[PDB]
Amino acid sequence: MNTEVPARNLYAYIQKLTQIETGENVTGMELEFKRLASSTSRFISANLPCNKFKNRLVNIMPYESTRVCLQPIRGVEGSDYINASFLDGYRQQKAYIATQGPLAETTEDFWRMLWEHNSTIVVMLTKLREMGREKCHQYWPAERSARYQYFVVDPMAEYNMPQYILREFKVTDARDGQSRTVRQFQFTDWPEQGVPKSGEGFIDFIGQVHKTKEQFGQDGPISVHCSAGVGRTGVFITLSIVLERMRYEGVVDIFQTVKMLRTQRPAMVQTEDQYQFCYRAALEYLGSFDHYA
């Protein structure tokens, strides 16, 4: 079934998905989202008893073929493991790392991950705590310098923007004194239930993050995390790819994009609501161009 739609047909296509017709109980949207299910590598490192506490959810683990590996540490089994996956982007290979919100116990691993893989832009898609539950451990220092194993992380500055906060850090490898600047963009406008009422804030945020990568010439992957690193993180990466492809090629294929992401990390874009929001936001972005409104 063709799910690739030219821009000018996107309004009509979405309307047809919202509708239910020809003798089925469910909407076209729900049918399409369920069709993603039928669509793979293995979970090896993630299932080692030495690594079980490193996973936020037992049923969300990286595929072996795309997992982000750490350099092993002498005598510590499992030290090469973090729950994180590479995903390709529109223009570059390994454009993203999708990962869970760090645990207290994987916080040192998280910083080593950013270091070993030259990730200097991090995207946080949750608050620390939501609905009475920890979503993410606070892995960054508040006011003074902090040491996470080999790395000294020094808070440089904090900027409050309308729908996000940017935190800048200097991270130093205490072993040899090398240092990099790391930037964290935390989106602060995702509701604790459901999806944003409008996609405009999230679209602008996507734009700002990628503008930053371009302007500062940062070639490494953007590390993106939410709770488990598949739901909101799936939305961020889906829309990052789909919005740029729509702008340069004038077509949208959200179904095949999510399918593609799920070949690189399981369960990307986890709920129908999130899936529907991808369409909704793409249509909103399309409307910022007069000849397609």
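For every residue, the number given is its place in the sequence shown, counted from 1.
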| item | value |
| --- | --- |
| Residues of the deposited sequence left unbuilt between residue 40 and residue 39 | 1 to 3 |
| 162 to 170 versus 74 to 82 - greater average Cα B-factor per the deposited record | 74 to 82 |
| Mean C-alpha B-factor comparison - 275 to 283 and 9 to 17, higher one | 9 to 17 |
| Of the residues 221, 217, 141, 199, the one carrying the largest Cα B-factor as recorded | 141 |
| Deposited CA B-factor, highest of 242, 267, 68, 58 | 58 |
| Within-chain third of residue 228 by Cα B-factor, per the entry | middle |
| Relative C-alpha B-factor of residue 181, binned into the chain's lowest, middle or highest third | middle |
| Entry-reported Cα temperature factor of residue 122, expressed as the chain third it lands in | lowest |
| Cα B factor band for residue 262 (lowest, middle or highest third within the chain) | lowest |
| Third of chain Cα B-factors occupied by residue 46 | highest |
